[PDB]
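*Asks:* Okay, so here is upload20.pdb, and as you'll see once you scroll down, it has PDB, N, CA and C atoms.
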```pdb
ATOM      1  N   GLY G 428       0.834  -1.227   0.000  1.00  0.00           N
ATOM      2  CA  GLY G 428       0.000   0.000   0.000  1.00  0.00           C
ATOM      3  C   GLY G 428       0.850   1.251   0.000  1.00  0.00           C
ATOM      4  N   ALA G 429       1.353   1.621  -1.171  1.00  0.00           N
ATOM      5  CA  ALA G 429       2.255   2.758  -1.291  1.00  0.00           C
ATOM      6  C   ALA G 429       1.484   4.050  -1.513  1.00  0.00           C
ATOM      7  N   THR G 430       0.273   3.926  -2.027  1.00  0.00           N
ATOM      8  CA  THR G 430      -0.567   5.085  -2.284  1.00  0.00           C
ATOM      9  C   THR G 430      -2.044   4.742  -2.097  1.00  0.00           C
ATOM     10  N   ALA G 431      -2.475   3.649  -2.712  1.00  0.00           N
ATOM     11  CA  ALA G 431      -3.875   3.261  -2.678  1.00  0.00           C
ATOM     12  C   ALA G 431      -4.133   2.235  -1.584  1.00  0.00           C
ATOM     13  N   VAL G 432      -5.132   2.515  -0.760  1.00  0.00           N
ATOM     14  CA  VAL G 432      -5.564   1.600   0.283  1.00  0.00           C
ATOM     15  C   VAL G 432      -6.899   2.075   0.856  1.00  0.00           C
ATOM     16  N   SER G 433      -7.842   1.159   1.016  1.00  0.00           N
ATOM     17  CA  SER G 433      -9.166   1.510   1.504  1.00  0.00           C
ATOM     18  C   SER G 433      -9.343   1.109   2.974  1.00  0.00           C
ATOM     19  N   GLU G 434     -10.155   0.090   3.239  1.00  0.00           N
ATOM     20  CA  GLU G 434     -10.411  -0.343   4.606  1.00  0.00           C
ATOM     21  C   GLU G 434      -9.606  -1.594   4.934  1.00  0.00           C
ATOM     22  N   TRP G 435      -8.664  -1.928   4.068  1.00  0.00           N
ATOM     23  CA  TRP G 435      -7.821  -3.092   4.289  1.00  0.00           C
ATOM     24  C   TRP G 435      -6.481  -2.683   4.873  1.00  0.00           C
ATOM     25  N   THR G 436      -5.913  -3.575   5.653  1.00  0.00           N
ATOM     26  CA  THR G 436      -4.582  -3.412   6.180  1.00  0.00           C
ATOM     27  C   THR G 436      -3.749  -4.626   5.780  1.00  0.00           C
ATOM     28  N   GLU G 437      -2.788  -4.427   4.895  1.00  0.00           N
ATOM     29  CA  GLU G 437      -1.947  -5.523   4.446  1.00  0.00           C
ATOM     30  C   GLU G 437      -0.729  -5.657   5.330  1.00  0.00           C
ATOM     31  N   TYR G 438      -0.265  -6.874   5.425  1.00  0.00           N
ATOM     32  CA  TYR G 438       0.770  -7.249   6.353  1.00  0.00           C
ATOM     33  C   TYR G 438       1.719  -8.098   5.569  1.00  0.00           C
ATOM     34  N   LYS G 439       2.979  -8.105   5.906  1.00  0.00           N
ATOM     35  CA  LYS G 439       3.881  -8.842   5.077  1.00  0.00           C
ATOM     36  C   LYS G 439       4.632  -9.898   5.846  1.00  0.00           C
ATOM     37  N   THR G 440       4.792 -11.039   5.208  1.00  0.00           N
ATOM     38  CA  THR G 440       5.656 -12.077   5.741  1.00  0.00           C
ATOM     39  C   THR G 440       7.073 -11.875   5.212  1.00  0.00           C
ATOM     40  N   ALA G 441       8.062 -12.287   6.000  1.00  0.00           N
ATOM     41  CA  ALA G 441       9.469 -12.017   5.706  1.00  0.00           C
ATOM     42  C   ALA G 441       9.888 -12.495   4.315  1.00  0.00           C
ATOM     43  N   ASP G 442       9.245 -13.548   3.832  1.00  0.00           N
ATOM     44  CA  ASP G 442       9.615 -14.162   2.558  1.00  0.00           C
ATOM     45  C   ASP G 442       9.091 -13.364   1.362  1.00  0.00           C
ATOM     46  N   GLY G 443       8.457 -12.228   1.628  1.00  0.00           N
ATOM     47  CA  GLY G 443       8.019 -11.357   0.554  1.00  0.00           C
ATOM     48  C   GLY G 443       6.620 -11.679   0.076  1.00  0.00           C
ATOM     49  N   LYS G 444       5.667 -11.610   0.988  1.00  0.00           N
ATOM     50  CA  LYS G 444       4.272 -11.891   0.678  1.00  0.00           C
ATOM     51  C   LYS G 444       3.362 -10.969   1.398  1.00  0.00           C
ATOM     52  N   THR G 445       2.522 -10.271   0.693  1.00  0.00           N
ATOM     53  CA  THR G 445       1.590  -9.430   1.375  1.00  0.00           C
ATOM     54  C   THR G 445       0.263 -10.161   1.522  1.00  0.00           C
ATOM     55  N   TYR G 446      -0.463  -9.857   2.570  1.00  0.00           N
ATOM     56  CA  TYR G 446      -1.813 -10.352   2.714  1.00  0.00           C
ATOM     57  C   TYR G 446      -2.705  -9.241   3.228  1.00  0.00           C
ATOM     58  N   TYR G 447      -3.774  -8.982   2.494  1.00  0.00           N
ATOM     59  CA  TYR G 447      -4.644  -7.860   2.779  1.00  0.00           C
ATOM     60  C   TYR G 447      -5.744  -8.281   3.740  1.00  0.00           C
ATOM     61  N   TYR G 448      -5.811  -7.593   4.859  1.00  0.00           N
ATOM     62  CA  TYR G 448      -6.787  -7.882   5.888  1.00  0.00           C
ATOM     63  C   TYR G 448      -7.929  -6.873   5.818  1.00  0.00           C
ATOM     64  N   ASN G 449      -9.131  -7.361   5.596  1.00  0.00           N
ATOM     65  CA  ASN G 449     -10.296  -6.500   5.469  1.00  0.00           C
ATOM     66  C   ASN G 449     -10.946  -6.272   6.822  1.00  0.00           C
ATOM     67  N   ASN G 450     -10.991  -5.012   7.244  1.00  0.00           N
ATOM     68  CA  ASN G 450     -11.502  -4.651   8.568  1.00  0.00           C
ATOM     69  C   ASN G 450     -13.030  -4.736   8.653  1.00  0.00           C
ATOM     70  N   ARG G 451     -13.696  -5.011   7.535  1.00  0.00           N
ATOM     71  CA  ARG G 451     -15.157  -5.096   7.536  1.00  0.00           C
ATOM     72  C   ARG G 451     -15.610  -6.453   8.060  1.00  0.00           C
ATOM     73  N   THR G 452     -14.959  -7.512   7.588  1.00  0.00           N
ATOM     74  CA  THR G 452     -15.353  -8.868   7.926  1.00  0.00           C
ATOM     75  C   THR G 452     -14.182  -9.604   8.583  1.00  0.00           C
ATOM     76  N   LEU G 453     -13.119  -8.842   8.860  1.00  0.00           N
ATOM     77  CA  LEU G 453     -11.915  -9.356   9.520  1.00  0.00           C
ATOM     78  C   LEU G 453     -11.219 -10.401   8.648  1.00  0.00           C
ATOM     79  N   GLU G 454     -11.517 -10.375   7.353  1.00  0.00           N
ATOM     80  CA  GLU G 454     -11.065 -11.428   6.451  1.00  0.00           C
ATOM     81  C   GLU G 454      -9.743 -11.077   5.781  1.00  0.00           C
ATOM     82  N   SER G 455      -8.755 -11.942   5.948  1.00  0.00           N
ATOM     83  CA  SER G 455      -7.433 -11.725   5.376  1.00  0.00           C
ATOM     84  C   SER G 455      -7.226 -12.586   4.126  1.00  0.00           C
ATOM     85  N   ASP G 456      -6.923 -11.939   3.006  1.00  0.00           N
ATOM     86  CA  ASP G 456      -6.689 -12.638   1.742  1.00  0.00           C
ATOM     87  C   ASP G 456      -5.486 -12.033   1.022  1.00  0.00           C
ATOM     88  N   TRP G 457      -4.684 -12.878   0.381  1.00  0.00           N
ATOM     89  CA  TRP G 457      -3.457 -12.421  -0.275  1.00  0.00           C
ATOM     90  C   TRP G 457      -3.779 -11.684  -1.565  1.00  0.00           C
ATOM     91  N   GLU G 458      -4.925 -12.010  -2.137  1.00  0.00           N
ATOM     92  CA  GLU G 458      -5.289 -11.518  -3.449  1.00  0.00           C
ATOM     93  C   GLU G 458      -5.934 -10.143  -3.358  1.00  0.00           C
ATOM     94  N   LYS G 459      -5.448  -9.228  -4.188  1.00  0.00           N
ATOM     95  CA  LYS G 459      -5.900  -7.842  -4.174  1.00  0.00           C
ATOM     96  C   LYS G 459      -7.394  -7.750  -4.482  1.00  0.00           C
ATOM     97  N   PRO G 460      -8.175  -7.246  -3.511  1.00  0.00           N
ATOM     98  CA  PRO G 460      -9.638  -7.133  -3.621  1.00  0.00           C
ATOM     99  C   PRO G 460     -10.068  -6.199  -4.744  1.00  0.00           C
ATOM    100  N   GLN G 461     -11.309  -6.360  -5.196  1.00  0.00           N
ATOM    101  CA  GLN G 461     -11.841  -5.563  -6.295  1.00  0.00           C
ATOM    102  C   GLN G 461     -11.881  -4.077  -5.932  1.00  0.00           C
ATOM    103  N   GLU G 462     -12.036  -3.790  -4.643  1.00  0.00           N
ATOM    104  CA  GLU G 462     -12.105  -2.412  -4.162  1.00  0.00           C
ATOM    105  C   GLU G 462     -10.725  -1.756  -4.169  1.00  0.00           C
ATOM    106  N   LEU G 463      -9.692  -2.564  -4.345  1.00  0.00           N
ATOM    107  CA  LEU G 463      -8.322  -2.077  -4.268  1.00  0.00           C
ATOM    108  C   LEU G 463      -7.536  -2.521  -5.497  1.00  0.00           C
ATOM    109  N   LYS G 464      -8.261  -2.905  -6.533  1.00  0.00           N
ATOM    110  CA  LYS G 464      -7.650  -3.373  -7.764  1.00  0.00           C
ATOM    111  C   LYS G 464      -8.522  -2.980  -8.953  1.00  0.00           C
TER     112      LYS G 464
END
```
Please go through the file and, once you have read it, give me the structure as structure tokens.

*Replies:*
Amino acid sequence: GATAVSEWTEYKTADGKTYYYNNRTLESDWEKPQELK
């Protein structure tokens, strides 16, 4: 999230993987959501 980010908070694992956590349903998914893609 260098510029664009909505209600999600992405987190990164050391091996170079982001996972976007949606604060609406507490749902964490690696794949960029339609609201952010």

*Asks:* Identify, on the basis of only C-alpha atoms, every residue whose closest approach to stretch 446-462 of chain G does not exceed 6 Å; exclude the query and any residue fewer than 4 positions from it along the same chain; express the result as a compact mmCIF listing (two decimals) with N, CA and C atoms, in the coordinates of the input.

*Replies:*
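Ended up saving to result-v1.txt:
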```
# COMPACT_ATOMS: atom_id res chain seq x y z
N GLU G 434 -10.15 0.09 3.24
CA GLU G 434 -10.41 -0.34 4.61
C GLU G 434 -9.61 -1.59 4.93
N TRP G 435 -8.66 -1.93 4.07
CA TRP G 435 -7.82 -3.09 4.29
C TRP G 435 -6.48 -2.68 4.87
N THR G 436 -5.91 -3.58 5.65
CA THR G 436 -4.58 -3.41 6.18
C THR G 436 -3.75 -4.63 5.78
N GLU G 437 -2.79 -4.43 4.89
CA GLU G 437 -1.95 -5.52 4.45
C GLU G 437 -0.73 -5.66 5.33
N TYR G 438 -0.26 -6.87 5.42
CA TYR G 438 0.77 -7.25 6.35
C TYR G 438 1.72 -8.10 5.57
```

*Asks:* At what distance in Å, to one decimal, does atom CA of residue G:442 lie from atom CA of residue G:428?

*Replies:*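 Here the two named atoms are 17.3 Å from each other.
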
*Asks:* Just to confirm, what's the straight-line distance from atom CA of residue G:464 to atom CA of residue G:440 in Å (one decimal)?

*Replies:* 20.9 Å

*Asks:* Could I see stretch 445-464 of chain G restored to N, CA, C and O atoms, set down as a PDB file, in the coordinates of the input?

*Replies:*
```
ATOM      1  N   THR G 445       2.522 -10.271   0.693  1.00  0.00           N
ATOM      2  CA  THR G 445       1.590  -9.430   1.375  1.00  0.00           C
ATOM      3  C   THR G 445       0.263 -10.161   1.522  1.00  0.00           C
ATOM      4  O   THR G 445      -0.079 -11.012   0.697  1.00  0.00           O
ATOM      5  N   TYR G 446      -0.463  -9.857   2.570  1.00  0.00           N
ATOM      6  CA  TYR G 446      -1.813 -10.352   2.714  1.00  0.00           C
ATOM      7  C   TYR G 446      -2.705  -9.241   3.228  1.00  0.00           C
ATOM      8  O   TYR G 446      -2.427  -8.630   4.262  1.00  0.00           O
ATOM      9  N   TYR G 447      -3.774  -8.982   2.494  1.00  0.00           N
ATOM     10  CA  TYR G 447      -4.644  -7.860   2.779  1.00  0.00           C
ATOM     11  C   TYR G 447      -5.744  -8.281   3.740  1.00  0.00           C
ATOM     12  O   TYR G 447      -6.501  -9.215   3.478  1.00  0.00           O
ATOM     13  N   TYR G 448      -5.811  -7.593   4.859  1.00  0.00           N
ATOM     14  CA  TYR G 448      -6.787  -7.882   5.888  1.00  0.00           C
ATOM     15  C   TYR G 448      -7.929  -6.873   5.818  1.00  0.00           C
ATOM     16  O   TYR G 448      -7.720  -5.673   5.948  1.00  0.00           O
ATOM     17  N   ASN G 449      -9.131  -7.361   5.596  1.00  0.00           N
ATOM     18  CA  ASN G 449     -10.296  -6.500   5.469  1.00  0.00           C
ATOM     19  C   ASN G 449     -10.946  -6.272   6.822  1.00  0.00           C
ATOM     20  O   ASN G 449     -11.417  -7.217   7.455  1.00  0.00           O
ATOM     21  N   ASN G 450     -10.991  -5.012   7.244  1.00  0.00           N
ATOM     22  CA  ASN G 450     -11.502  -4.651   8.568  1.00  0.00           C
ATOM     23  C   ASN G 450     -13.030  -4.736   8.653  1.00  0.00           C
ATOM     24  O   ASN G 450     -13.600  -4.560   9.728  1.00  0.00           O
ATOM     25  N   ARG G 451     -13.696  -5.011   7.535  1.00  0.00           N
ATOM     26  CA  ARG G 451     -15.157  -5.096   7.536  1.00  0.00           C
ATOM     27  C   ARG G 451     -15.610  -6.453   8.060  1.00  0.00           C
ATOM     28  O   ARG G 451     -16.530  -6.540   8.870  1.00  0.00           O
ATOM     29  N   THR G 452     -14.959  -7.512   7.588  1.00  0.00           N
ATOM     30  CA  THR G 452     -15.353  -8.868   7.926  1.00  0.00           C
ATOM     31  C   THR G 452     -14.182  -9.604   8.583  1.00  0.00           C
ATOM     32  O   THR G 452     -14.242 -10.805   8.848  1.00  0.00           O
ATOM     33  N   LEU G 453     -13.119  -8.842   8.860  1.00  0.00           N
ATOM     34  CA  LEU G 453     -11.915  -9.356   9.520  1.00  0.00           C
ATOM     35  C   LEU G 453     -11.219 -10.401   8.648  1.00  0.00           C
ATOM     36  O   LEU G 453     -10.379 -11.166   9.124  1.00  0.00           O
ATOM     37  N   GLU G 454     -11.517 -10.375   7.353  1.00  0.00           N
ATOM     38  CA  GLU G 454     -11.065 -11.428   6.451  1.00  0.00           C
ATOM     39  C   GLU G 454      -9.743 -11.077   5.781  1.00  0.00           C
ATOM     40  O   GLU G 454      -9.633 -10.058   5.110  1.00  0.00           O
ATOM     41  N   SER G 455      -8.755 -11.942   5.948  1.00  0.00           N
ATOM     42  CA  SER G 455      -7.433 -11.725   5.376  1.00  0.00           C
ATOM     43  C   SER G 455      -7.226 -12.586   4.126  1.00  0.00           C
ATOM     44  O   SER G 455      -7.335 -13.812   4.181  1.00  0.00           O
ATOM     45  N   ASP G 456      -6.923 -11.939   3.006  1.00  0.00           N
ATOM     46  CA  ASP G 456      -6.689 -12.638   1.742  1.00  0.00           C
ATOM     47  C   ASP G 456      -5.486 -12.033   1.022  1.00  0.00           C
ATOM     48  O   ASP G 456      -5.297 -10.818   1.036  1.00  0.00           O
ATOM     49  N   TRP G 457      -4.684 -12.878   0.381  1.00  0.00           N
ATOM     50  CA  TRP G 457      -3.457 -12.421  -0.275  1.00  0.00           C
ATOM     51  C   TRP G 457      -3.779 -11.684  -1.565  1.00  0.00           C
ATOM     52  O   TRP G 457      -2.995 -10.862  -2.045  1.00  0.00           O
ATOM     53  N   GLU G 458      -4.925 -12.010  -2.137  1.00  0.00           N
ATOM     54  CA  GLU G 458      -5.289 -11.518  -3.449  1.00  0.00           C
ATOM     55  C   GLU G 458      -5.934 -10.143  -3.358  1.00  0.00           C
ATOM     56  O   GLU G 458      -6.852  -9.925  -2.567  1.00  0.00           O
ATOM     57  N   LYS G 459      -5.448  -9.228  -4.188  1.00  0.00           N
ATOM     58  CA  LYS G 459      -5.900  -7.842  -4.174  1.00  0.00           C
ATOM     59  C   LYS G 459      -7.394  -7.750  -4.482  1.00  0.00           C
ATOM     60  O   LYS G 459      -7.843  -8.132  -5.564  1.00  0.00           O
ATOM     61  N   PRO G 460      -8.175  -7.246  -3.511  1.00  0.00           N
ATOM     62  CA  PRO G 460      -9.638  -7.133  -3.621  1.00  0.00           C
ATOM     63  C   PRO G 460     -10.068  -6.199  -4.744  1.00  0.00           C
ATOM     64  O   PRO G 460      -9.313  -5.321  -5.155  1.00  0.00           O
ATOM     65  N   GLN G 461     -11.309  -6.360  -5.196  1.00  0.00           N
ATOM     66  CA  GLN G 461     -11.841  -5.563  -6.295  1.00  0.00           C
ATOM     67  C   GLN G 461     -11.881  -4.077  -5.932  1.00  0.00           C
ATOM     68  O   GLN G 461     -11.780  -3.212  -6.801  1.00  0.00           O
ATOM     69  N   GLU G 462     -12.036  -3.790  -4.643  1.00  0.00           N
ATOM     70  CA  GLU G 462     -12.105  -2.412  -4.162  1.00  0.00           C
ATOM     71  C   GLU G 462     -10.725  -1.756  -4.169  1.00  0.00           C
ATOM     72  O   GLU G 462     -10.603  -0.542  -4.012  1.00  0.00           O
ATOM     73  N   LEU G 463      -9.692  -2.564  -4.345  1.00  0.00           N
ATOM     74  CA  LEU G 463      -8.322  -2.077  -4.268  1.00  0.00           C
ATOM     75  C   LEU G 463      -7.536  -2.521  -5.497  1.00  0.00           C
ATOM     76  O   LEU G 463      -6.304  -2.488  -5.519  1.00  0.00           O
ATOM     77  N   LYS G 464      -8.261  -2.905  -6.533  1.00  0.00           N
ATOM     78  CA  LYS G 464      -7.650  -3.373  -7.764  1.00  0.00           C
ATOM     79  C   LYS G 464      -8.522  -2.980  -8.953  1.00  0.00           C
ATOM     80  O   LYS G 464      -9.335  -3.820  -9.400  1.00  0.00           O
TER      81      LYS G 464
END
```
